[PDB]
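S.K.:
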Amino acid sequence: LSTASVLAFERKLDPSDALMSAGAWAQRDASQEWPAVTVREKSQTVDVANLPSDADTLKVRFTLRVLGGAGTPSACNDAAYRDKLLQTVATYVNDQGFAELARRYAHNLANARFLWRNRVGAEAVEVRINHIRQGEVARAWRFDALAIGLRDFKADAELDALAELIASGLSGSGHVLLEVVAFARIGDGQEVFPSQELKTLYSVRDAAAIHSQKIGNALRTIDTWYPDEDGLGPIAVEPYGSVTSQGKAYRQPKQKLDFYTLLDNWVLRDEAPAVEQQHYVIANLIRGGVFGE
Amino acid sequence: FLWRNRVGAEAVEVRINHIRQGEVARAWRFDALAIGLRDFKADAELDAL
Amino acid sequence: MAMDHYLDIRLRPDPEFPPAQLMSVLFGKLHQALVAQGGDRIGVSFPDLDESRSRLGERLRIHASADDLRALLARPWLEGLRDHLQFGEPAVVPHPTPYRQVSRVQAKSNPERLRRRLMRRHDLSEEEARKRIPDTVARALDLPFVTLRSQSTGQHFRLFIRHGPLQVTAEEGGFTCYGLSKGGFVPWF
């Protein structure tokens, strides 16, 4: 038995772009017709996003499909590696649910980490989540993103309901479509940060916006079992687990915390790792990507 | 023909028109999620098409 | 020498903002929620400073008064974003007090502002003032003078500080409404 020369996993937890608008606080109950944040220009030329003169509240809206089928590759040469991988991931799914990873994803939805630098120094940020089965809200959640932490993971009732919904979506037990709204408080005409293009701010048809892979990076920010330091809290789940802004890179193939080494030992050689390392491995399989030699 | 555009969808339907002149001579309407993808099972309007 | 009431501030490392970005956010929050209603005693020196590697700020140390910290750390202009950094603790002032007079002032940075000043209230040659801006003309803080700037000008943060000489002497002065010294500051050590 050997490794498959081509692996390709389709991503799960597929988000849409963030349509940033603006408004005034305590009018959030009718926040459908709020005007969008328009990227303008001032000074050499730079692009600057702001707020309207009678507005102090951001609104960031996107949707999120939870797919399910998180073990089967979309392209695989071997037929023995493929069903070996399928029965290994089936062992992971039957000895314990997705509820741990899904609890951490529901926590990253629960706070407002998809707000990146429009959260720093905010007076009140509320993350509203609705459940969409048809064109009607089947279940409505409301949160408070400053109460729920960013470096630790806690418990609730509505967070456990949302985590149960995400865990049913990741296993294939149903179809989950969630829309996410994050109101905020910055000030009467301050500056908001969109994502920069190759300065140029990212936009759609006359609205500043955030890239969907940025919100996806803010959702796969889970793993606390890089065991070096908990002062940084959790980081993004990706193989050779690295931060480009930090510039360093923990979880190296020097030691054996790697995704590739753990995947080789737990698929091929049947070396079952610790439960936290296999949580990391299944989180990388939910992330997807181009694997194999 | 919806390759990845049906993977994880609420409802997928395929309606098919038969065109003789600039006019629909015979129309069909299906449910692509109720009709499977592993087996070939019979139906009335499927046998008409 | 007069750093009796002492405190610190440690911005934790996280991938949501840089250390200079976290220092600028903390400095802007302190300047908005400390000198908002005014005040007299505000001393913000580099409690973890190192002006040899060209890094102006990577740690915060507050040397303020008792009542200036009992009522200058309980507002929403200071709280809210406490998930990155942490709170502080009080410490007494020891016998070792270097006269590090830390200030909050500006420096010369205009390469064409002399032309604007001559056009407004000077009556000078604006063309010579515009063409007299070489690389060896600007004389600003080439050491780590961390300029926590806002989103109004595209130019990066230059020096904005009033540092003093670190020795075994004493030098204290009047604190402003932004956490600085106008002739000296509290101790550092």
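Protein chains in written order, with the deposited numbering: chain C, 6 to 48, 77 to 231, 244 to 338; chain D, 147 to 195; chain L, -1 to 187. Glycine included, each C-beta is placed from N, C-alpha and C at the ideal position.
May I have the straight-line CA-CA distance separating C/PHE226 from C/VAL42, to the nearest angstrom?
M.R.: About 10 Å.
S.K.: Grab me the residues of L/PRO94's own chain with a C-beta within less than 6 Å of its C-beta, minus the 5 sequence neighbours each way, in chain order.
M.R.: Once the five neighbours on either side are set aside, the close Cβ partners of L/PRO94 are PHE187.
S.K.: Could you check where the beta strand (DSSP E) with L/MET1 kicks off and where it finishes?
M.R.: Here L/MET1 belongs to no beta strand (DSSP E), and DSSP marks it neither H nor E.
S.K.: Following the continuous beta strand (DSSP E) through L/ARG59, name the residue where it begins and the one where it ends.
M.R.: 58 to 60
S.K.: Is the segment 19 to 33 of chain L touching the segment 174 to 190 of chain D in the sense that three or more CB pairs, one from each, lie closer than 8 Å?
M.R.: no
S.K.: Closer than 8 Å, CB to CB, is D/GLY182 near chain C or not?
M.R.: no
S.K.: Against chain L, does C/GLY276 count as a neighbour if the rule is that its beta carbon must be under 8 Å from one of theirs?
M.R.: yes
S.K.: Would C/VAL93 and C/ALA23 be called neighbours here (beta carbons separated by less than 8 Å)?
M.R.: yes
S.K.: Would you say residue 51 of chain C lies against chain L (beta-carbon separation less than 8 Å)?
M.R.: Examination of chain C shows a numbering gap from 48 to 77; residue 51 of chain C is inside it and therefore has no coordinates.
S.K.: C/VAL326: buried (16+ other C-beta within 10 angstroms of its C-beta) or exposed?
M.R.: By the neighbour-count criterion, in which a residue is buried when 16 or more other Cβ atoms sit within 10 angstroms of its Cβ, C/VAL326 is buried.
S.K.: Can you have a look at D/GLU169 and say buried or exposed, based on whether 16 or more other CB atoms are within 10 angstroms of its CB?
M.R.: In the assembly as shown, D/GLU169 is an exposed residue. Its beta-carbon has fewer than 16 other beta-carbons within 10 Å.
S.K.: Going by alpha carbons, who is nearest to C/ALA263 out of C/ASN141, C/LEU97, C/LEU134, C/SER86?
M.R.: Residue C/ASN141 holds the alpha-carbon nearest to the alpha-carbon of C/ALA263 among C/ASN141, C/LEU97, C/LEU134, C/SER86.
S.K.: Express the C-alpha separation of C/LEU12 and L/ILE131 in angstroms, rounding to a whole number.
M.R.: 59 Å
S.K.: Quick check on C/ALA139: does DSSP put it in helix, strand or coil?
M.R.: helix
S.K.: Kindly provide the ranges of any alpha helix (DSSP H) runs that are 4 or more residues long and lie completely inside the segment 108 to 135 of chain L, ordered along the chain.
M.R.: 111 to 119, 124 to 129, all fully within the segment 108 to 135 of chain L.
S.K.: So, are the CB atoms of C/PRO284 and C/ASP303 less than 8 Å apart?
M.R.: It is a contact, given that the beta carbons lie within the stated cut-off.
S.K.: Of the residues L/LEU9, L/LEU122, L/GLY37, which one's Cα is nearest the Cα of L/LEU58?
M.R.: L/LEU9
S.K.: Going along the chain, which residues of the segment 62 to 91 of chain L sit with their C-beta nearer than 8 Å to a C-beta in chain C?
M.R.: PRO74, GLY78, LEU79, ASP81, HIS82
S.K.: Can you pull the chain C residues whose beta carbon is under 8 Å from the beta carbon of D/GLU156, in chain order?
M.R.: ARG166, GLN167, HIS208, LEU210
S.K.: My guess is that D/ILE165 and D/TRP174 are in contact by the Cβ rule of under 8 Å, so how many angstroms apart are they, rounded?
M.R.: With 8 Å as the limit, D/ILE165 and D/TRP174 do not qualify as a contact, their Cβ atoms being about 12 Å apart.
S.K.: Flag L/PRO11 as yes if its beta-carbon sits less than 8 Å from any beta-carbon of chain C, otherwise no.
M.R.: With 8 Å as the cut-off, L/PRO11 counts as an interface residue toward chain C.
S.K.: With burial defined as no fewer than 16 other Cβ atoms inside 10 Å of the residue's Cβ, what is the status of C/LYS299: buried or exposed?
M.R.: exposed
S.K.: Count the other CB atoms within 10 Å of the CB of C/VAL282; is the residue buried (16 or more) or exposed (fewer)?
M.R.: Residue burial annotation: C/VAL282 is buried, with at least 16 other C-beta atoms found within 10 angstroms of its C-beta.
S.K.: Taking 8 Å as the threshold (C-beta atoms), are C/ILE219 and residue 233 of chain C in contact?
M.R.: Within chain C, residue numbering steps from 231 directly to 244, and residue 233 of chain C belongs to the interval with no atoms modelled.
S.K.: For C/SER228 and C/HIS256, what's the separation of their Cα atoms in angstroms?
M.R.: For C/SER228 and C/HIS256, the gap between their C-alpha atoms comes out near 7 Å.
S.K.: What residues from the segment 83 to 100 of chain C come within 9 Å of chain D, judged by C-beta to C-beta, listed N to C?
M.R.: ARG98, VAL99, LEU100
S.K.: Output the residue ranges of the alpha helix (DSSP H) runs that lie fully inside the segment 2 to 36 of chain L and measure 4 residues or longer, sorted by chain position.
M.R.: 17 to 31
S.K.: Let me know if L/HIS61 comes out buried or exposed under the rule of 16 or more other beta-carbons within 10 Å of its beta-carbon.
M.R.: buried
S.K.: If you measure between the beta carbons of L/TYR176 and L/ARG102, is that distance less than 8 Å?
M.R.: yes
S.K.: The alpha helix (DSSP H) that contains C/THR124, what's its start and end?
M.R.: 113 to 128
S.K.: Please list, in chain order, the residues of the segment 263 to 294 of chain C that have any C-beta partner in chain L closer than 7 Å.
M.R.: Hits within the stretch, in order: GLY276, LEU277, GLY278, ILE280, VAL288, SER290, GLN291.
S.K.: I think L/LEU178 touches L/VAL91, with their Cβ atoms under 8 Å apart; what is that distance to the nearest whole Å?
M.R.: 19 Å between Cβ atoms; not a contact.
S.K.: Is L/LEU76 near L/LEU28, with beta carbons less than 8 Å apart?
M.R.: Cβ atoms of L/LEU76 and L/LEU28: closer than 8 Å.
S.K.: Hey, would you say C/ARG98 sits closer than 8 Å to C/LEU210, going by beta carbons?
M.R.: Yes. Within cutoff.
S.K.: Along the chain, where does the alpha helix (DSSP H) that runs through C/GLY261 open and close?
M.R.: Start and end: 257 to 262.
S.K.: Give every residue of the same chain whose Cβ lies closer than 6 Å to the Cβ of L/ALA136, excluding the five residues on either side of it in the sequence, and list them in chain order.
M.R.: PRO109
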